[PDB]
There are 2 protein chains.
Amino acid sequence: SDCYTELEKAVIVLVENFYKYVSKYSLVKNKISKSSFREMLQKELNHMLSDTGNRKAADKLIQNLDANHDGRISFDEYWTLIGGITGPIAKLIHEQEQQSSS
Amino acid sequence: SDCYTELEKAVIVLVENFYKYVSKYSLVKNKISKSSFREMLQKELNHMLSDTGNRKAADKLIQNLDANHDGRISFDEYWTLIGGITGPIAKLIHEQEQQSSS
Ligand SMILES: [Ca+2]
Ligand SMILES: [Ca+2]
Ligand SMILES: [Ca+2]
Ligand SMILES: [Ca+2]
């Protein structure tokens, strides 16, 4: 434990959910599905986003990614998915931290 | 800065660093440079990468990204940069976290 940064832990928190989902949430020799991918991001980002309206922002990304017929989510293929969410609302994010308030 | 999940906070920890670097570290009307980008990733990932040898993994990304001669680093452009780091060593990451340990 004991030495890793919170940035290290944050890159890790994005890999926790990757391995969680790729593995256990059906099958580890490989099942996933871009349906439950849209729910998983709604468990974990339950407060990041302002509405059903804001959902379409992630739904456009979720479309533009694994409409690819590989049956794989890859490490950075999972990242650009939510890195593309983290731009329009990322203005409010900075604001929260620079004011430290929430 | 509270009520949010640690996944929400992790997506935020990557945006703390985005605004830290793009803005404050030199100039907000636009300075950046892939020199201090290689250093910034070495402040915050002081342990994720296993050596100078492993550095070439991130150096390849740091090179290949702003081969886009925009003169900017952008929200998800900052993500694929370190999302490409978060794969070969992401095997060891999972291992740490599945043991809850180190
Ligand atoms: Ca699975
Ligand atoms: Ca895929
Ligand atoms: Ca700057
Ligand atoms: Ca650029």
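Each reported figure results from applying straightforward, stated rules to the coordinates on display, with no laboratory input. Reconstructed Cβ throughout: ideal geometry from the backbone, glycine too, with neighbour counts over all protein chains shown.
Mean separation of Cα pairs under 8 Å and 6+ residues apart, divided by the residue count of chain A: what relative contact order is that in percent? Can you show the working numbers first?
Values: 43 pairs, mean separation 25.2, N = 102.
About 25 percent, as a whole number.
With θ set to phi - 60° and the Karplus curve 6.51 cos²θ - 1.76 cosθ + 1.60, what are the ³J(HN,Hα) couplings of region B:83-88 in order, to the nearest whole Hz, using x for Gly and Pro?
Computed from phi, the couplings for region B:83-88 are x, x, 6, 7, x, x Hz.
So if I average 1/r over every pair of distinct C-alpha atoms in the protein assembly as shown and take the inverse, what Kirkwood radius in Å does that give? Kindly include the intermediate steps, with their values, before the conclusion.
On the way: mean 1/r = 0.0562 Å⁻¹.
Roughly 17.8 Å, rounded to one decimal.
So, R0 is 25 Å and r is the distance between the beta-carbons of A:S23 and B:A57; what FRET efficiency does that work out to, to 0.05?
0.55
Using helices alone, what [θ] at 222 nm do you get for the protein assembly as shown, with -39,500 (n - 2.57) per DSSP H run of 4 or more residues, divided over all residues and rounded to the nearest 500?
My calculation for the protein assembly as shown gives -17000 deg cm²/dmol from helical runs alone.
B:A57 label points, 7 Å along Cα→Cβ, one per copy: pairwise distances from this copy to the rest in nm, shortest first?
3.1
Nearest beta-carbon of A to the rotation axis carrying it onto B: which residue, how many whole Å?
Chain A residue with minimal Cβ-axis distance: A:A10, 2.
Give me the angle, in degrees from 0 to 90, between the Cα long axis of helix B:6-19 and the longest principal axis of the Cα atoms of chain B, rounded to the nearest 10.
Once rounded, one gets 30 degrees.
Placing a label point 7 Å from Cα toward Cβ, how far apart in nm is B:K24 from its equivalents in the other copies, listed shortest first to one decimal?
Counterpart label points of B:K24 in the remaining copies fall at 3.6 nm.
If the label for B:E77 sits 7 angstrom from Cα along the Cα-to-Cβ line, what are its distances to the same label in every other copy, in nm to one decimal, shortest first?
2.5
Once the other residues with Cβ under 15 Å from the Cβ of B:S101 are scored (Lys, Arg +1; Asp, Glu -1), what is the net sum? Walk me through the numbers before you get to the answer.
Values: positive: A:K9; negative: A:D2, A:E8, A:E16, B:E95, B:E97.
Charge balance near B:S101 sits at -4.
From other protein chains only, count the Cβ atoms within 10 Å of every residue's Cβ in B:25-35, then give the mean.
0
Using only Cα positions of chain A, each an equal point scatterer, no hydration layer, compute I(q)/I(0) via Debye at q = 0.17 Å⁻¹ and quote the log10 values to two decimals.
So the normalised log intensities work out to -0.89.
Per the Kirkwood treatment, what hydrodynamic radius in Å, one decimal, follows for region B:1-47 from the mean inverse distance over all distinct Cα pairs?
11.9 Å
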